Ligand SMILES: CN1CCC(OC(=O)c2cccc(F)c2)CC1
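Just the one chain here, laid out as structure tokens, in the form deposited without this ligand.
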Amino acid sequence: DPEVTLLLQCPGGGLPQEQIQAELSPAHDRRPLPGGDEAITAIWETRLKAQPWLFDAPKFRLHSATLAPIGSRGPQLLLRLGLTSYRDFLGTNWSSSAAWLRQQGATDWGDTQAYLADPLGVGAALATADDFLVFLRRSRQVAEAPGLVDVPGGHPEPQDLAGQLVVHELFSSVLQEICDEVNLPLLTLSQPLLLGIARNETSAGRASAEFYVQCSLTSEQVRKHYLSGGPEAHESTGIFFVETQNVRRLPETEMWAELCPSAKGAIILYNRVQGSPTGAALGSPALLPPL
């Protein structure tokens, strides 16, 4: 799967909010482009002159993520974050010349990402009370991955001492994306666990944090809530469900070719971190069938 690379696999079946630190620093920002940020401004002007109802928004930038020695006490992960924007994204990661920016970043800074916006995405493996994962079909009319399968998520917007509020907004935002797109009540959702971070190589290496969330509703009740919003309550064009039993072999199915890269990241991390049992009981042949 060349369009997705794992940057982080979390320990202990995934990390809660209280075990994560963030360091939000201008040292974690994108570097100015070699010929100046005028190139980003030019692309933006052209876009507004065709679609003048577009607006910029601030985003978190992922610089890097360091895991503690496994089995240690104290904070288990440090996220190094800067700030970027939707405008910076359209001028860098989305640019036709994004591969040239990666090569220049290797040359100038020994970092393929130094000249890229790299806005941080969030995504969820959302499980139902009757043990299914939730999938959404993308409209065929949008710019990115038209007509492909996705999982719930989005790109959160800003506003360990500022750090702890930043971790809280990341965890909060994945629940809010589920309530906005799936139309579920907040009180039916567990606190998220971070599974890991996956990079989209079809979008010049921008990264998504992938979380596990458990819902107290069955698949039938989730479908009712989603549909009862009507066509205007969601950006997706349909919802569907796969048994957690069958998610194990999803990369061998015809569905795999229809999954967008960030949804592939979510399913790979779910399989490695929530699946793949380590103990004698769940590991026994009748409960973990070979092949």
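Sequential numbering from 1, following the sequence displayed.
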{"query": "Unmodelled deposited residues flanked by residue 159 on one side and residue 160 on the other", "finding": "10 or more"}
{"query": "Stretch with the higher entry mean CA B-factor, where the candidates are 239-247 and 34-42", "finding": "34-42"}
{"query": "Selected stretch [higher average CA B-factor]: 262-270 or 229-237", "finding": "229-237"}
{"query": "Residue with maximal Cα B-factor (values as given in the PDB entry) among 88, 177, 220, 210", "finding": "220"}
{"query": "Ranked C-alpha temperature factor of residue 59 among modelled chain residues, by third", "finding": "lowest"}
{"query": "Residue 19 - Cα temperature factor, lowest/middle/highest third of chain", "finding": "middle"}
{"query": "Residue 92, C-alpha B-factor rank within chain (lowest, middle or highest third)", "finding": "lowest"}
{"query": "Ranked against its chain, the third holding the CA B-factor of residue 152", "finding": "lowest"}
{"query": "Chain thirds of CA B-factor: placement of residue 84", "finding": "lowest"}
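Same protein, other form: the form solved in complex with this ligand, not shown, and the subject of what follows.
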| item | value |
| --- | --- |
| Placed ligand check: this ligand in the bound PDB entry, overlay by site C-alphas, backbone/C-beta within 2.4 Å | open |
| Touches this ligand in the bound PDB entry: residue 54 (any heavy atom, 4.5 Å) | yes |
| 4.5 Å heavy atom contact, residue 157 to this ligand in the bound PDB entry | yes |
| Contact flag, residue 86 vs this ligand in the bound PDB entry, heavy atom cut 4.5 Å | yes |
